[PDB]
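Visitor: If you scroll down you'll find the structure; I have some questions about it.
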Amino acid sequence: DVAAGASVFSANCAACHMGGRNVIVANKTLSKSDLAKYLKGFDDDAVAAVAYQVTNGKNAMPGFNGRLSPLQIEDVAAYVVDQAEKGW
Ligand code: HEC
C-alpha cells in the first residue's frame with residue numbers, strides 16, 4: 001500500500017514534488033502543515049483529502065482521474081500522508 005504508493009509517486013509526482021516540495025508553487029508543499037493549511041477536509045480524513053486533489057487537481061496541478069486507477073490513487077495518497085507525518 002505505502003510501498004506501492006511510493007512507486008506511483010516517483011513515476012507521476014517526483015517531477016514536481018521532489019522531496020515533498022512544490023517546484024511550481026513554492027508555498028504549496030506536501031508538508032503536514034501545508035496539507036493542513038490548504039487541503040480541504042485534510043483535518044477530517046488525510047488520505048481522502050489527498051486522494052481528492054490527486055483525482056481532480058487544480059491550477060498547475062493536473063488531475064490523474066483518467067491516468068491512475070482508484071487503487072493507485074489511494075496508494076499514493078497514503079504514501080504522501082505517511083511522508084508528511086514523518087517529515088519527508
Ligand atoms: C507538476 C506539474 C505536478 C505534478 C505532475 C503533480 N503535482 Fe501536485 N501539485 C502541483 C501544484 C502546482 C500544486 C498546487 C496547485 C494549487 O494552486 O493548489 C500541487 C498541489 C498538490 C497537493 C496539495 C499541496 C498543498 O496545498 O499543500 C497535493 C496533495 C499534491 N499536489 C499531490 C500530488 C501527487 C501525489 C502527485 C502525483 C500523482 C502530484 N501532486 C503530481 C503540481 C504537480
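Identifiers in the C-alpha cells: chain A, B, ... in order shown; residue index from 1 per chain; ligand index from 1 in order shown.
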Could you list, with a cut-off of 8 Å and counting only C-alpha atoms and all ligand atoms, the residues of chain A near ligand 1, each shown with its nearest atom pair and the distance in Å rounded to one decimal, rows sorted by chain and ascending number, as JSON lines?

Guide:
```
{"residue": "A:8", "atom": "CA", "partner": "ligand 1", "partner_atom_place_in_ligand_line": "38 (C)", "distance": 6.8}
{"residue": "A:9", "atom": "CA", "partner": "ligand 1", "partner_atom_place_in_ligand_line": "37 (C)", "distance": 5.3}
{"residue": "A:10", "atom": "CA", "partner": "ligand 1", "partner_atom_place_in_ligand_line": "37 (C)", "distance": 7.8}
{"residue": "A:11", "atom": "CA", "partner": "ligand 1", "partner_atom_place_in_ligand_line": "37 (C)", "distance": 7.8}
{"residue": "A:12", "atom": "CA", "partner": "ligand 1", "partner_atom_place_in_ligand_line": "37 (C)", "distance": 4.7}
{"residue": "A:13", "atom": "CA", "partner": "ligand 1", "partner_atom_place_in_ligand_line": "37 (C)", "distance": 3.6}
{"residue": "A:14", "atom": "CA", "partner": "ligand 1", "partner_atom_place_in_ligand_line": "41 (C)", "distance": 7.3}
{"residue": "A:15", "atom": "CA", "partner": "ligand 1", "partner_atom_place_in_ligand_line": "5 (C)", "distance": 6.2}
{"residue": "A:16", "atom": "CA", "partner": "ligand 1", "partner_atom_place_in_ligand_line": "1 (C)", "distance": 4.3}
{"residue": "A:17", "atom": "CA", "partner": "ligand 1", "partner_atom_place_in_ligand_line": "7 (N)", "distance": 6.4}
{"residue": "A:22", "atom": "CA", "partner": "ligand 1", "partner_atom_place_in_ligand_line": "10 (C)", "distance": 6.3}
{"residue": "A:23", "atom": "CA", "partner": "ligand 1", "partner_atom_place_in_ligand_line": "42 (C)", "distance": 7.7}
{"residue": "A:24", "atom": "CA", "partner": "ligand 1", "partner_atom_place_in_ligand_line": "12 (C)", "distance": 5.2}
{"residue": "A:25", "atom": "CA", "partner": "ligand 1", "partner_atom_place_in_ligand_line": "12 (C)", "distance": 5.3}
{"residue": "A:27", "atom": "CA", "partner": "ligand 1", "partner_atom_place_in_ligand_line": "27 (O)", "distance": 7.5}
{"residue": "A:28", "atom": "CA", "partner": "ligand 1", "partner_atom_place_in_ligand_line": "27 (O)", "distance": 4.1}
{"residue": "A:29", "atom": "CA", "partner": "ligand 1", "partner_atom_place_in_ligand_line": "27 (O)", "distance": 4.5}
{"residue": "A:30", "atom": "CA", "partner": "ligand 1", "partner_atom_place_in_ligand_line": "27 (O)", "distance": 4.8}
{"residue": "A:31", "atom": "CA", "partner": "ligand 1", "partner_atom_place_in_ligand_line": "27 (O)", "distance": 6.6}
{"residue": "A:33", "atom": "CA", "partner": "ligand 1", "partner_atom_place_in_ligand_line": "27 (O)", "distance": 7.7}
{"residue": "A:34", "atom": "CA", "partner": "ligand 1", "partner_atom_place_in_ligand_line": "27 (O)", "distance": 4.2}
{"residue": "A:35", "atom": "CA", "partner": "ligand 1", "partner_atom_place_in_ligand_line": "27 (O)", "distance": 4.1}
{"residue": "A:36", "atom": "CA", "partner": "ligand 1", "partner_atom_place_in_ligand_line": "27 (O)", "distance": 7.3}
{"residue": "A:37", "atom": "CA", "partner": "ligand 1", "partner_atom_place_in_ligand_line": "27 (O)", "distance": 7.2}
{"residue": "A:38", "atom": "CA", "partner": "ligand 1", "partner_atom_place_in_ligand_line": "26 (O)", "distance": 4.8}
{"residue": "A:39", "atom": "CA", "partner": "ligand 1", "partner_atom_place_in_ligand_line": "26 (O)", "distance": 5.8}
{"residue": "A:49", "atom": "CA", "partner": "ligand 1", "partner_atom_place_in_ligand_line": "29 (C)", "distance": 7.5}
{"residue": "A:50", "atom": "CA", "partner": "ligand 1", "partner_atom_place_in_ligand_line": "29 (C)", "distance": 4.4}
{"residue": "A:51", "atom": "CA", "partner": "ligand 1", "partner_atom_place_in_ligand_line": "29 (C)", "distance": 7.2}
{"residue": "A:52", "atom": "CA", "partner": "ligand 1", "partner_atom_place_in_ligand_line": "29 (C)", "distance": 7.9}
{"residue": "A:53", "atom": "CA", "partner": "ligand 1", "partner_atom_place_in_ligand_line": "29 (C)", "distance": 5.6}
{"residue": "A:54", "atom": "CA", "partner": "ligand 1", "partner_atom_place_in_ligand_line": "32 (C)", "distance": 5.6}
{"residue": "A:57", "atom": "CA", "partner": "ligand 1", "partner_atom_place_in_ligand_line": "20 (C)", "distance": 7.2}
{"residue": "A:58", "atom": "CA", "partner": "ligand 1", "partner_atom_place_in_ligand_line": "15 (C)", "distance": 5.6}
{"residue": "A:59", "atom": "CA", "partner": "ligand 1", "partner_atom_place_in_ligand_line": "17 (O)", "distance": 5.1}
{"residue": "A:60", "atom": "CA", "partner": "ligand 1", "partner_atom_place_in_ligand_line": "12 (C)", "distance": 4.1}
{"residue": "A:61", "atom": "CA", "partner": "ligand 1", "partner_atom_place_in_ligand_line": "10 (C)", "distance": 3.8}
{"residue": "A:62", "atom": "CA", "partner": "ligand 1", "partner_atom_place_in_ligand_line": "4 (C)", "distance": 6.0}
{"residue": "A:63", "atom": "CA", "partner": "ligand 1", "partner_atom_place_in_ligand_line": "38 (C)", "distance": 7.9}
{"residue": "A:64", "atom": "CA", "partner": "ligand 1", "partner_atom_place_in_ligand_line": "38 (C)", "distance": 6.5}
{"residue": "A:68", "atom": "CA", "partner": "ligand 1", "partner_atom_place_in_ligand_line": "38 (C)", "distance": 8.0}
{"residue": "A:73", "atom": "CA", "partner": "ligand 1", "partner_atom_place_in_ligand_line": "38 (C)", "distance": 7.4}
{"residue": "A:76", "atom": "CA", "partner": "ligand 1", "partner_atom_place_in_ligand_line": "35 (C)", "distance": 5.5}
{"residue": "A:77", "atom": "CA", "partner": "ligand 1", "partner_atom_place_in_ligand_line": "35 (C)", "distance": 6.1}
{"residue": "A:80", "atom": "CA", "partner": "ligand 1", "partner_atom_place_in_ligand_line": "35 (C)", "distance": 6.4}
```

Visitor: If we count only C-alpha atoms and set the cut-off at 7 Å, which residues sit around residue 79 of chain A, ignoring sequence neighbours fewer than 2 positions away in its own chain? Please answer as a PyMOL selection string.

Guide: chain A and resi 2+5-6+75-77+81-83

Visitor: Just C-alpha atoms for this one: save the residues we selected as a short mmCIF file (atom, residue, chain, number, x, y, z; two decimals), in the first residue's frame.

Guide:
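Written out: part.cif:
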```cif
data_model
loop_
_atom_site.label_atom_id
_atom_site.label_comp_id
_atom_site.auth_asym_id
_atom_site.auth_seq_id
_atom_site.Cartn_x
_atom_site.Cartn_y
_atom_site.Cartn_z
CA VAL A 2 2.58 2.62 1.08
CA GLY A 5 2.26 4.46 -3.33
CA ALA A 6 5.97 5.27 -3.32
CA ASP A 75 -1.90 4.21 -2.57
CA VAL A 76 -0.06 7.40 -3.49
CA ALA A 77 -2.32 9.26 -1.06
CA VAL A 81 0.18 11.33 4.15
CA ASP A 82 2.77 8.91 5.54
CA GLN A 83 5.66 11.07 4.33
#
```
